[PDB]
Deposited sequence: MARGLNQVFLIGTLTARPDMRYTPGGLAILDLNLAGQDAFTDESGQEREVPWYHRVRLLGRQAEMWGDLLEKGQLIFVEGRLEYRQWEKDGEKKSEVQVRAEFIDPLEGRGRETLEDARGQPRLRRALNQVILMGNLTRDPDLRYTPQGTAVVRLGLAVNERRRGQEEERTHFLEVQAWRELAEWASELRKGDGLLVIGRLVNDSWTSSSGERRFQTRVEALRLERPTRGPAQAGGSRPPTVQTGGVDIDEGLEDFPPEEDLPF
């Protein structure tokens, strides 16, 4: 594909979902989900961070659930990232939220956070280093599967590789959604550069 925007989550409801409708009649259901990621590796030496994401469900899906979800329920989400900007208003000029296309409450018997995107860089990479000497890069990505602008961050080896990218380059991103004003951004676990599609005729050749 050219523009790809996919989010998969599995977290627990932190409050009872509260229904709501628009003046015209559109059902809107916001679910606050929490879970955690184990950023650790090797034989320990690291640990694991928590995440809290509000996911929005609209329409008939919102209509069939906005009444049955109890605080503490484990839920599976299949959705995408939504970018919105305005004047005035909010916290701030803009926000990125998770939009649920579907949801499926799961049995708890007695967390998953994955994101995959593909777009174009909106500006040149920004490589920086931490006091300890760890490479870190911030990337601006434009995704149109309106256009959505998303922030991505990568560390160490990946950061240094990404520092060689150029504004406008295509980028495939695979990672997890993270928090922090306050901003929802993507923490890249994997990065690849898709070579552009087939090569036209060309005036002077290439």
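- Counting from residue 1 of the deposited sequence, the stretches lacking C-alpha coordinates in this chain are 1, 112-126, 162-169, 205-213, 240-264.
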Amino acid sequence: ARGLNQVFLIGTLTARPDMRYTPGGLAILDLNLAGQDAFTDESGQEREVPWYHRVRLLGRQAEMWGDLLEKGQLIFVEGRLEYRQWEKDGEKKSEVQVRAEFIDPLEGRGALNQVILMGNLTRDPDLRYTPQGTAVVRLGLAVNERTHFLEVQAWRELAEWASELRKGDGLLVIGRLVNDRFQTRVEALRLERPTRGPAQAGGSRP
From here on, numbers count along this sequence of modelled residues.
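- The PDB entry reports B-factors from which the mean C-alpha value can be compared for 90-98 and 115-123; the larger average falls on 90-98.
- Relative to its counterpart among 63-71 and 27-35, 63-71 has the higher mean temperature factor, C-alpha atoms as listed in the PDB entry.
- You'll see in the entry that, of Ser163, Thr40, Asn144, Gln153, the Cα B factor peaks at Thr40.
- In the PDB entry, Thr22 places in the middle third of its chain by CA B-factor.
- Per the PDB record, residue ranking by Cα B-factor puts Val7 in the lowest third of the chain.
- The PDB entry assigns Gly108 a C-alpha temperature factor belonging to the highest third of its chain's modelled residues.
- When the modelled residues of the chain are ordered by C-alpha B-factor, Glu157 sits in the middle third.
- In the deposited entry, the Cα temperature factor of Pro131 places it in the highest third of its chain's modelled residues.
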